[PDB]
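Peer 1: Take this structure first; my questions come after.
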Amino acid sequence: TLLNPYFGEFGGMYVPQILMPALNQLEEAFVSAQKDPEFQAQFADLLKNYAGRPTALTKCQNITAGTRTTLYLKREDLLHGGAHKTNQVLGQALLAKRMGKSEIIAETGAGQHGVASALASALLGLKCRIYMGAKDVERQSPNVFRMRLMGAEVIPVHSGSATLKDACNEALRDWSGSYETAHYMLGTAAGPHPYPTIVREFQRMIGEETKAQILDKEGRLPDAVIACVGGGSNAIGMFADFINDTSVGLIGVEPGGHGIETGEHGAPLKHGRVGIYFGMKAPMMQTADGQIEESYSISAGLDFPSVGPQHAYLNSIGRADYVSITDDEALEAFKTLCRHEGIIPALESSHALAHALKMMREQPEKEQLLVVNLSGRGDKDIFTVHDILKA
Amino acid sequence: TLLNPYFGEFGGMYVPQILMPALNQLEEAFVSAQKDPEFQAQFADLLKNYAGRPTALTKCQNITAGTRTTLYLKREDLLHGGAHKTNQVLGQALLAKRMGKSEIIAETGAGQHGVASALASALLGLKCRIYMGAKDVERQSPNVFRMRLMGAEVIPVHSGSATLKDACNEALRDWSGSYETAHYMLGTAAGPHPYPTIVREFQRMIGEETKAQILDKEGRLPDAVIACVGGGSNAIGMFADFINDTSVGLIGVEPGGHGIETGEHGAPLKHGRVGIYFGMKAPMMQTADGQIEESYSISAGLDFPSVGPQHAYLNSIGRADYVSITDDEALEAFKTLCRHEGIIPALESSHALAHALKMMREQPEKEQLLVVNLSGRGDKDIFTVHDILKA
Amino acid sequence: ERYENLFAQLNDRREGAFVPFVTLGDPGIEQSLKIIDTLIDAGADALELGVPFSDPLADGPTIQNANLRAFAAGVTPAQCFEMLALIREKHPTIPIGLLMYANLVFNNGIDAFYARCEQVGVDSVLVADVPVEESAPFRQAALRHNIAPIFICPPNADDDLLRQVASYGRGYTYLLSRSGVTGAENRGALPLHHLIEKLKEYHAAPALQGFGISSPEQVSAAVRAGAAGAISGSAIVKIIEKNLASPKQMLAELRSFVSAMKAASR
Amino acid sequence: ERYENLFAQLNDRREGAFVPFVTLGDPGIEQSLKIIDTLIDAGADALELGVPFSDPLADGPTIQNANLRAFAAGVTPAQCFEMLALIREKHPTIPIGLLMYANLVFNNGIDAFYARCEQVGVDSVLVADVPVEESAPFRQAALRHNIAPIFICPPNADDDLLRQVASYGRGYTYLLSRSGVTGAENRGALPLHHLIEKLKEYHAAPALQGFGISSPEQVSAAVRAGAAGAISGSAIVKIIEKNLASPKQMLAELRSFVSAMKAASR
Ligand SMILES: CC1=C(O)/C(=C\[NH+]=C(/CN2CCc3ccccc32)C(=O)O)C(COP(=O)(O)O)=CN1
Ligand SMILES: CC1=C(O)/C(=C\[NH+]=C(/CN2CCc3ccccc32)C(=O)O)C(COP(=O)(O)O)=CN1
Ligand SMILES: O=P(O)(O)OCCNS(=O)(=O)c1ccc(OC(F)(F)F)cc1
Ligand SMILES: O=P(O)(O)OCCNS(=O)(=O)c1ccc(OC(F)(F)F)cc1
Ligand SMILES: [Cs+]
Ligand SMILES: [Cs+]
Ligand SMILES: [Cs+]
Ligand SMILES: [Cs+]
Ligand SMILES: [Cs+]
């Protein structure tokens with residue numbers, strides 16, 4: 001390989017032999033594109049003029065009132081498509097074209113990556129095929145028909161938990177038979193190398209902009225940046241540019257679901273065990289026997305029984321810290337942002353916000369400057385949240 | 001009055017005597033705020049850091065392929081809240097605070113102004129009360145619960161056509177009894193002076209940014225700027241900075257509904273007759289007897305039997321031209337943008353796009369540089385559009 | 001003129017005016033004409049009459065529904081003028097005022113509208129959505145056709161407005177009981193003595209109080225405060241809607257009420 | 001060793017191997033053991049056996065459902081090793097290969113897994129999601145416990161891969177019929193002669209063709225092309241699922257098929 005597939009013990013390329021050429025082709029295309037000024041210009045142009053970068057960094061003064069916490073929100077909810085997923089999808093689509101692929105296979109849970117895949121494919125002339133768990137088709141329905149309006153085929157997956165893991169499995173199976181014409185647009189910083197690396201580099205502008213914006217507004221770096229962790233893309237996009245700024249805490253937030261003690265959660269980094277699946281060596285939720293467990297979250301986007309290898313590594317060395325937030329804590333944060341800042345956050349992003357609000361409330365006289373990655377908007381979640389209100 | 005309430009013959013302050021002090025107070029507050037560097041800085045800060053200005057100007061290369069038309073879209077769909085409505089709502093909310101008001105009355109049709117009113121009120125500490133026609137509650141439902149999540153009271157109006165006009169009537173009646181504590185946040189560039197003037201000045205950044213962005217990308221001004229016209233706010237926001245650039249065509253697009261000849265339309269500027277209602281002298285759809293007619297559009301946001309006085313004036317002098325686009329033409333444009341640019345536009349904005357696509361297709365070898373105001377995103381319209389597809 | 005003679009005579013009998021309001025053609029042309037006859041017979045000193053409008057922005061649900069009923073009976077402005085001619089033909093001296101919205105006046109030309117009012121024997125016109133600020137072409141057309149233009153004195157009125165209303169108005173000055181829209185359920189509580197006194201100082205046309213007056217005690221209070229009379233709309237109209245099934249029992253219940261209201265003005 | 005003796009004997013009788021695949025414990029421990037006995041009796045030269053895994057990323061619906069049935073019967077990896085012991089105890093010479101996914105091997109330690117394979121008498125292990133690039137700890141553990149590590153030669157294989165597979169592999173080389181996942185419905189059509197010849201040149205372990213082989217004609221084609229044998233999975237498993245109601249009629253239909261497939265290898 002051209003690049004290191006591992007982050008400490010975590011990562012690698014644990015795919016069938018048939019798929020290694022595709023992975024090698026992708027790696028070579030990426031390394032080449034990174035050195036290509038024309039690629040970089042085309043990518044920059046789509047991000048700025050199509051997706052609407054740079055996104056805002058909003059100071060939330062109402063929600064921190066009466067405390068010594070200053071909170072900013074990095075507004076990826078304002079990105080075209082409604083989430084940070086759009087960033088790296090535009091980059092991967094350009095790599096797909098560079099590799100002469102005409103088709104796109106993707107998987108989606110919250111439907112935000114699926115929307116992103118569909119819009120990029122519509123824009124750049126690719127045929128897009130999307131796997132989504134049938135439970136997620138229901139609970140994240142507005143996204144299902146956004147995808148279909150933009151010319152994408154949406155394929156409901158009924159097997160297993162009928163959520164994200166099962167969508168991934170189907171997408172992987174499809175790709176192993178169609179890699180010659182189809183690029184697999186993996187939607188997070190996980191899976192086989194080179195995906196964890198590529199997804200980080202194409203999400204890295206989140207942290208770079210945040211750094212420039214916070215220095216401009218505050219004259220210094222944040223005490224901590226805080227992001228939810230599904231597979232790890234929005235978090236690593238935020239974290240990446242701060243990794244060498246040792247004074248800046250990096251907090252990743254896994255879904256605690258109904259509570260860690262119930263086993264109905266999606267927190268394998270802190271509560272799972274290293275395993276091999278999804279093409280990588282990474283923490284997973286697994287039985288004693290080594291079968292992969294089903295995860296659970298109120299949010300479809302965090303409902304995944306593994307995590308990307310770089311977060312597993314940053315945790316092990318102590319550089320980043322990971323915590324969990326329950327369904328109920330995420331819901332309170334959702335309601336709080338709606339009512340006091342007039343922003344409706346995705347339920348995924350609400351986990352990140354919830355933890356920030358905990359840091360504030362637990363120690364209200366601690367002076368802290370925090371940034372939360374608001375990875376998406378919550379329009380897709382409004383029916384779900386409505387139905388829970390009542391009871 | 002401090003400012004001229006008329007644009008030629010159109011405009012004025014045709015409200016009950018009781019409401020004149022409120023109108024005079026608002027006018028004085030606006031004139032004062034316009035000269036206040038602190039107001040302007042606070043307004044600029046909310047627009048940039050909260051709402052996400054400047055918005056992108058996107059070149060659409062796929063949809064113009066094989067023609068000599070170059071088309072840009074001003075991306076107000078990327079503004080926080082999902083539409084241009086957010087701009088002037090932030091300004092009016094700041095005026096409400098400056099006048100010591102604690103409450104907000106608003107009306108909404110597409111629900112985008114209602115969402116905007118609710119979010120601004122949540123952010124700035126105001127109690128928000130919103131009138132919406134019961135038909136619009138149904139056809140623009142995602143917006144109904146966005147409003148309610150942010151702490152706003154949503155009041156369904158069943159009388160009359162149960163659409164926008166009827167929402168306005170109720171809001172007006174409410175305001176005439178509560179003007180002492182409540183600011184009436186009128187949602188368009190229509191109604192009694194000073195509203196047509198204030199709404200323009202607080203939407204004016206649309207055209208100012210467009211001008212700067214097009215000069216940067218093209219080195220010259222557009223041949224025409226094109227905007228849909230409900231009451232006139234997004235169009236006048238786009239038009240305003242170009243009014244003195246005589247080479248730049250200004251095209252406003254009214255909804256043609258089922259067809260002008262069916263009488264089921266919302267195009268009083270070109271197909272109505274001057275009347276007095278909604279606090280203004282303006283073109284309206286009215287019976288021979290002078291009763292106000294019910295309008296019709298597939299889009300709730302254009303479904304209004306009048307138009308703002310400044311557009312009526314710009315038309316009369318020949319400075320701006322107004323046309324209509326039918327339900328079916330707006331739907332084709334909606335589908336076209338989704339599939340070929342990966343942007344899902346509001347059905348209101350789709351009228352503007354439809355007319356631009358007509359200018360292109362009717363004369364495919366005419367060299368023209370056009371800007372369409374993409375006033376909002378179409379997430380609110382996806383269920384409606386789905387249901388029409390089938391038949 | 002008819003107003004002048006009315007207030008002159010009322011002054012001599014030392015009493016206030018009771019001026020009911022109804023919508024022309026509610027619930028039908030014929031029943032409305034009978035309702036109005038019952039109103040005059042029961043003691044109405046003058047009349048305030050609404051022409052059905054599609055969008056009555058100053059009216060609450062009661063009078064809104066009055067407009068709707070008239071529209072169900074297919075009542076047009078042309079039929080309203082025909083009714084007015086019949087009312088004047090039966091009652092030569094009673095002052096007749098119209099409550100108009102601006103579009104119905106502006107529709108076929110402001111001048112032509114007031115010319116038509118004169119022709120049928122109307123005494124005054126109040127245009128609800130025309131404040132003094134927009135009143136010029138309306139008040140000029142009124143005076144040219146010997147129509148009293150009615151101006152509103154609101155509770156939030158300042159001295160500049162008081163003097164405007166006093167010079168521009170004829171017939172009577174409308175003294176508003178409260179902010180808001182028409183409605184019997186909502187009564188105006190604020191004292192209006194200081195406004196009544198200043199209108200008299202600038203020699204405004206005599207004042208009639210309206211909005212929310214639904215009881216004889218309110219009429220009595222208005223006159224005792226110095227106002228020349230009182231106007232009741234929604235209270236009257238509620239009797240029409242609650243007795244739609246009973247046309248004869250409608251007129252009896254209307255008669256009782258108007259008598260009781262007029263008595264209070266004495 | 002058992003593979004070496006098998007290919008040696010097959011060479012002397014001038015025929016190819018027929019190697020069926022089933023999921024251990026599908027549809028239950030006891031019926032599976034009877035199914036496997038029927039397979040060997042009907043003419044299976046070796047066996048390829050899957051341990052039920054929650055997420056079989058290289059398998060289509062047929063074998064997916066095979067895994068599900070085994071899971072419904074509550075089949076664990078521990079029970080699979082118990083079955084393997086019983087199979088070896090009844091059949092001392094037949095080569096036994098396991099189809100593994102990496103997590104089941106890595107779970108309790110890679111070394112311990114192969115030590116356990118040796119202990120029960122397994123001859124080879126193929127880990128489906130470990131390419132040569134990640135194979136080192138797996139192939140080292142295999143060789144330490146006298147287990148053949150099985151490597152895949154795909155159709156898209158280049159010369160560098162051919163030489164890797166040839167030196168690292170033991171027992172047999174898995175020659176892939178096509179891209180995609182396991183499935184009888186999808187047959188591999190591309191000619192594989194040039195890959196078969198090059199493996200022989202670099203002295204790879206004898207080649208077995210697998211994926212999509214569901215008919216005697218396909219077996220015959222594979223051997224005539226130079227491959228040492230053929231593997232059939234989904235075809236066998238379809239007979240299990242279509243005859244779940246009929247255990248005796250299952251074994252008869254299994255017997256017919258395996259005989260017909262083995263005949264084609266002659
Ligand atoms: C607004 C928001 C999301 O939508 C989201 C996720 N969404 C998915 C699931 N995606 C698609 C393939 C995938 C595999 C594993 C995990 C997540 C995802 C989607 O399909 O919209 C995440 C969390 O994702 P991370 O940033 O950690 O990558 C945060 N915020
Ligand atoms: C995305 C978009 C809209 O949402 C929209 C309108 N929306 C309404 C109706 N608004 C609220 C009060 C009102 C009164 C009259 C006409 C319109 C409106 C709303 O309540 O979201 C218009 C058209 O509006 P104009 O830009 O011409 O002002 C264009 N684009
Ligand atoms: O008894 P209520 O509360 O129904 O009041 C009845 C009033 N009917 S009216 O014609 O005098 C009348 C008078 C003025 C109106 O509007 C304005 F004040 F803005 F000009 C509306 C109705
Ligand atoms: O007849 P079919 O199509 O069901 O094929 C049966 C195959 N069963 S198997 O155990 O050899 C087998 C071999 C290799 C596999 O994956 C890998 F190639 F990626 F390694 C999967 C299954
Ligand atoms: Cs921006
Ligand atoms: Cs604070
Ligand atoms: Cs997770
Ligand atoms: Cs073009
Ligand atoms: Cs309109």
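Labels used: A, B, ... for chains in the order of the structure tokens, numbers from 1 for residues in each chain, and numbers from 1 for ligands as shown.
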Grab me every residue within 10 Å of ligand 9, counting only C-alpha atoms and all ligand atoms, and send it over as JSON, numbers by chain.

Peer 2: {"B": [228, 229, 230, 231, 232, 253, 254, 255, 256, 265, 266, 267, 268, 269, 283, 284, 285, 295, 296, 297, 301, 302, 303, 304, 305, 306, 307, 308]}

Peer 1: Using only C-alpha atoms and a cut-off of 10 Å, which residues of chain C sit close to chain B? Please list them as a PDB file with N, CA and C atoms, in the first residue's frame.

Peer 2:
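selection-v8.pdb was written with the following content:
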```pdb
ATOM      1  N   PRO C  52     -72.287  43.954   2.876  1.00  0.00           N
ATOM      2  CA  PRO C  52     -71.507  42.712   2.948  1.00  0.00           C
ATOM      3  C   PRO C  52     -70.211  42.821   2.169  1.00  0.00           C
ATOM      4  N   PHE C  53     -69.097  42.575   2.853  1.00  0.00           N
ATOM      5  CA  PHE C  53     -67.768  42.601   2.246  1.00  0.00           C
ATOM      6  C   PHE C  53     -67.076  41.274   2.487  1.00  0.00           C
ATOM      7  N   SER C  54     -66.308  40.842   1.493  1.00  0.00           N
ATOM      8  CA  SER C  54     -65.628  39.558   1.534  1.00  0.00           C
ATOM      9  C   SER C  54     -64.635  39.489   2.694  1.00  0.00           C
ATOM     10  N   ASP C  55     -63.966  40.598   2.983  1.00  0.00           N
ATOM     11  CA  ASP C  55     -62.914  40.577   3.989  1.00  0.00           C
ATOM     12  C   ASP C  55     -63.013  41.714   5.015  1.00  0.00           C
ATOM     13  N   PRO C  56     -63.956  41.594   5.972  1.00  0.00           N
ATOM     14  CA  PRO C  56     -64.219  42.656   6.949  1.00  0.00           C
ATOM     15  C   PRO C  56     -63.193  42.681   8.078  1.00  0.00           C
ATOM     16  N   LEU C  57     -62.060  43.315   7.808  1.00  0.00           N
ATOM     17  CA  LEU C  57     -60.899  43.279   8.692  1.00  0.00           C
ATOM     18  C   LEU C  57     -61.100  43.899  10.087  1.00  0.00           C
ATOM     19  N   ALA C  58     -62.182  44.652  10.281  1.00  0.00           N
ATOM     20  CA  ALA C  58     -62.430  45.311  11.574  1.00  0.00           C
ATOM     21  C   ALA C  58     -63.530  44.619  12.378  1.00  0.00           C
ATOM     22  N   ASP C  59     -63.971  43.466  11.891  1.00  0.00           N
ATOM     23  CA  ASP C  59     -65.097  42.775  12.485  1.00  0.00           C
ATOM     24  C   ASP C  59     -64.703  41.421  13.051  1.00  0.00           C
ATOM     25  N   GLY C  60     -65.247  41.102  14.225  1.00  0.00           N
ATOM     26  CA  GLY C  60     -65.124  39.771  14.812  1.00  0.00           C
ATOM     27  C   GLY C  60     -66.108  38.786  14.200  1.00  0.00           C
ATOM     28  N   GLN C  64     -68.776  38.932  11.014  1.00  0.00           N
ATOM     29  CA  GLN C  64     -68.226  38.090   9.933  1.00  0.00           C
ATOM     30  C   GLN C  64     -69.279  37.120   9.406  1.00  0.00           C
ATOM     31  N   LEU C  68     -71.415  36.576   5.908  1.00  0.00           N
ATOM     32  CA  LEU C  68     -71.532  35.265   5.256  1.00  0.00           C
ATOM     33  C   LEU C  68     -72.974  34.883   4.905  1.00  0.00           C
ATOM     34  N   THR C  76     -75.727  41.498  -2.971  1.00  0.00           N
ATOM     35  CA  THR C  76     -74.702  42.298  -3.626  1.00  0.00           C
ATOM     36  C   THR C  76     -74.807  43.755  -3.152  1.00  0.00           C
ATOM     37  N   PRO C  77     -73.741  44.563  -3.362  1.00  0.00           N
ATOM     38  CA  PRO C  77     -73.844  46.008  -3.125  1.00  0.00           C
ATOM     39  C   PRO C  77     -74.981  46.696  -3.894  1.00  0.00           C
ATOM     40  N   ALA C  78     -75.307  46.209  -5.091  1.00  0.00           N
ATOM     41  CA  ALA C  78     -76.384  46.804  -5.888  1.00  0.00           C
ATOM     42  C   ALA C  78     -77.737  46.608  -5.209  1.00  0.00           C
ATOM     43  N   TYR C 101     -66.048  49.221   3.747  1.00  0.00           N
ATOM     44  CA  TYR C 101     -64.627  48.984   3.595  1.00  0.00           C
ATOM     45  C   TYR C 101     -64.217  49.620   2.291  1.00  0.00           C
ATOM     46  N   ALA C 102     -62.960  50.046   2.231  1.00  0.00           N
ATOM     47  CA  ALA C 102     -62.463  50.939   1.185  1.00  0.00           C
ATOM     48  C   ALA C 102     -62.630  50.414  -0.225  1.00  0.00           C
ATOM     49  N   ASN C 103     -62.444  49.108  -0.406  1.00  0.00           N
ATOM     50  CA  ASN C 103     -62.531  48.565  -1.753  1.00  0.00           C
ATOM     51  C   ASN C 103     -63.912  48.691  -2.384  1.00  0.00           C
ATOM     52  N   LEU C 104     -64.956  48.612  -1.564  1.00  0.00           N
ATOM     53  CA  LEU C 104     -66.313  48.750  -2.079  1.00  0.00           C
ATOM     54  C   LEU C 104     -66.632  50.174  -2.510  1.00  0.00           C
ATOM     55  N   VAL C 105     -65.924  51.137  -1.912  1.00  0.00           N
ATOM     56  CA  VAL C 105     -66.069  52.553  -2.237  1.00  0.00           C
ATOM     57  C   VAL C 105     -65.229  52.908  -3.469  1.00  0.00           C
ATOM     58  N   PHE C 106     -64.019  52.363  -3.514  1.00  0.00           N
ATOM     59  CA  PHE C 106     -63.049  52.658  -4.564  1.00  0.00           C
ATOM     60  C   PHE C 106     -63.382  51.940  -5.882  1.00  0.00           C
ATOM     61  N   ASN C 107     -64.085  50.813  -5.786  1.00  0.00           N
ATOM     62  CA  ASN C 107     -64.328  49.901  -6.923  1.00  0.00           C
ATOM     63  C   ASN C 107     -64.795  50.512  -8.246  1.00  0.00           C
ATOM     64  N   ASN C 108     -65.883  51.267  -8.199  1.00  0.00           N
ATOM     65  CA  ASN C 108     -66.438  51.898  -9.392  1.00  0.00           C
ATOM     66  C   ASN C 108     -66.176  53.398  -9.418  1.00  0.00           C
ATOM     67  N   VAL C 127     -65.736  54.741   6.345  1.00  0.00           N
ATOM     68  CA  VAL C 127     -64.871  53.757   5.709  1.00  0.00           C
ATOM     69  C   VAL C 127     -63.846  53.263   6.731  1.00  0.00           C
ATOM     70  N   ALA C 128     -64.009  52.013   7.154  1.00  0.00           N
ATOM     71  CA  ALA C 128     -63.278  51.456   8.295  1.00  0.00           C
ATOM     72  C   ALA C 128     -61.751  51.393   8.121  1.00  0.00           C
ATOM     73  N   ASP C 129     -61.285  51.151   6.903  1.00  0.00           N
ATOM     74  CA  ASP C 129     -59.846  51.025   6.666  1.00  0.00           C
ATOM     75  C   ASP C 129     -59.259  52.247   5.969  1.00  0.00           C
ATOM     76  N   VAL C 130     -59.904  53.393   6.142  1.00  0.00           N
ATOM     77  CA  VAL C 130     -59.310  54.644   5.680  1.00  0.00           C
ATOM     78  C   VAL C 130     -59.112  55.561   6.893  1.00  0.00           C
ATOM     79  N   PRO C 131     -57.855  55.695   7.366  1.00  0.00           N
ATOM     80  CA  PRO C 131     -57.550  56.615   8.457  1.00  0.00           C
ATOM     81  C   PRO C 131     -57.457  58.048   7.918  1.00  0.00           C
ATOM     82  N   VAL C 132     -57.376  59.057   8.791  1.00  0.00           N
ATOM     83  CA  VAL C 132     -57.416  60.454   8.314  1.00  0.00           C
ATOM     84  C   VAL C 132     -56.304  60.692   7.296  1.00  0.00           C
ATOM     85  N   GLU C 133     -55.235  59.934   7.470  1.00  0.00           N
ATOM     86  CA  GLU C 133     -54.042  60.017   6.662  1.00  0.00           C
ATOM     87  C   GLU C 133     -54.299  59.700   5.172  1.00  0.00           C
ATOM     88  N   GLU C 134     -55.265  58.824   4.899  1.00  0.00           N
ATOM     89  CA  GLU C 134     -55.668  58.471   3.527  1.00  0.00           C
ATOM     90  C   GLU C 134     -57.037  59.027   3.117  1.00  0.00           C
ATOM     91  N   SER C 135     -57.635  59.847   3.971  1.00  0.00           N
ATOM     92  CA  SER C 135     -59.045  60.230   3.828  1.00  0.00           C
ATOM     93  C   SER C 135     -59.381  61.266   2.757  1.00  0.00           C
ATOM     94  N   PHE C 151     -65.367  60.053  10.902  1.00  0.00           N
ATOM     95  CA  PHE C 151     -64.003  59.813  11.359  1.00  0.00           C
ATOM     96  C   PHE C 151     -63.976  59.179  12.743  1.00  0.00           C
ATOM     97  N   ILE C 152     -62.941  58.381  12.979  1.00  0.00           N
ATOM     98  CA  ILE C 152     -62.812  57.622  14.214  1.00  0.00           C
ATOM     99  C   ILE C 152     -61.870  58.308  15.190  1.00  0.00           C
ATOM    100  N   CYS C 153     -62.354  58.475  16.416  1.00  0.00           N
ATOM    101  CA  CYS C 153     -61.525  58.897  17.523  1.00  0.00           C
ATOM    102  C   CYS C 153     -61.215  57.679  18.395  1.00  0.00           C
ATOM    103  N   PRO C 154     -59.993  57.129  18.273  1.00  0.00           N
ATOM    104  CA  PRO C 154     -59.603  55.963  19.066  1.00  0.00           C
ATOM    105  C   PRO C 154     -59.151  56.359  20.481  1.00  0.00           C
ATOM    106  N   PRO C 155     -59.090  55.393  21.420  1.00  0.00           N
ATOM    107  CA  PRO C 155     -58.594  55.686  22.775  1.00  0.00           C
ATOM    108  C   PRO C 155     -57.149  56.206  22.796  1.00  0.00           C
ATOM    109  N   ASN C 156     -56.320  55.708  21.879  1.00  0.00           N
ATOM    110  CA  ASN C 156     -54.929  56.141  21.770  1.00  0.00           C
ATOM    111  C   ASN C 156     -54.732  57.449  20.978  1.00  0.00           C
ATOM    112  N   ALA C 157     -55.797  58.240  20.851  1.00  0.00           N
ATOM    113  CA  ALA C 157     -55.745  59.490  20.082  1.00  0.00           C
ATOM    114  C   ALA C 157     -54.967  60.599  20.786  1.00  0.00           C
ATOM    115  N   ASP C 158     -54.099  61.270  20.038  1.00  0.00           N
ATOM    116  CA  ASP C 158     -53.408  62.439  20.551  1.00  0.00           C
ATOM    117  C   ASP C 158     -54.101  63.716  20.085  1.00  0.00           C
ATOM    118  N   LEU C 161     -54.622  64.469  16.244  1.00  0.00           N
ATOM    119  CA  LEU C 161     -55.691  63.672  15.662  1.00  0.00           C
ATOM    120  C   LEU C 161     -57.061  64.225  16.040  1.00  0.00           C
ATOM    121  N   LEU C 176     -64.398  55.326  19.701  1.00  0.00           N
ATOM    122  CA  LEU C 176     -64.107  53.904  19.841  1.00  0.00           C
ATOM    123  C   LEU C 176     -63.982  53.532  21.321  1.00  0.00           C
ATOM    124  N   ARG C 178     -62.712  50.747  22.567  1.00  0.00           N
ATOM    125  CA  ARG C 178     -61.525  49.931  22.811  1.00  0.00           C
ATOM    126  C   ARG C 178     -60.821  49.607  21.504  1.00  0.00           C
ATOM    127  N   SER C 179     -59.594  49.112  21.624  1.00  0.00           N
ATOM    128  CA  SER C 179     -58.902  48.520  20.493  1.00  0.00           C
ATOM    129  C   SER C 179     -59.572  47.190  20.122  1.00  0.00           C
ATOM    130  N   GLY C 180     -59.076  46.551  19.070  1.00  0.00           N
ATOM    131  CA  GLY C 180     -59.614  45.267  18.650  1.00  0.00           C
ATOM    132  C   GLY C 180     -60.650  45.388  17.556  1.00  0.00           C
ATOM    133  N   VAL C 181     -61.407  44.316  17.367  1.00  0.00           N
ATOM    134  CA  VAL C 181     -62.426  44.248  16.333  1.00  0.00           C
ATOM    135  C   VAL C 181     -63.807  44.209  16.984  1.00  0.00           C
ATOM    136  N   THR C 182     -64.858  44.377  16.179  1.00  0.00           N
ATOM    137  CA  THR C 182     -66.225  44.373  16.701  1.00  0.00           C
ATOM    138  C   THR C 182     -66.516  43.061  17.425  1.00  0.00           C
TER     139      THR C 182
END
```

Peer 1: Could you give me, as a PyMOL selection string, each residue of stretch 91-282 of chain A that DSSP assigns to strand (DSSP E) when run on this structure's backbone?

Peer 2: chain A and resi 103-108+127-133+153-157+182-184+224-228+249-257+273-277+280-282

Peer 1: Please provide as a list in words all residues within 7 Å of stretch 6-22 of chain D, with the sequence filter that same-chain residues fewer than 3 positions apart are discarded (counting only C-alpha atoms).

Peer 2: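 Near stretch 6-22 of chain D, the qualifying residues are residues 2, 3, 44, 45, 46, 47, 48, 49, 50, 223, 228, 229, 230, 231, 232, 233, 237, 261, 262, 265 and 266 of chain D.
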
Peer 1: With a distance cut-off of 6 Å and only C-alpha atoms, select the neighbouring residues of stretch 69-85 of chain A, excluding the residue or stretch itself and same-chain residues fewer than 6 positions from it, and output the selection as a PyMOL selection string.

Peer 2: chain A and resi 51-52+55-60+113+360+367-377
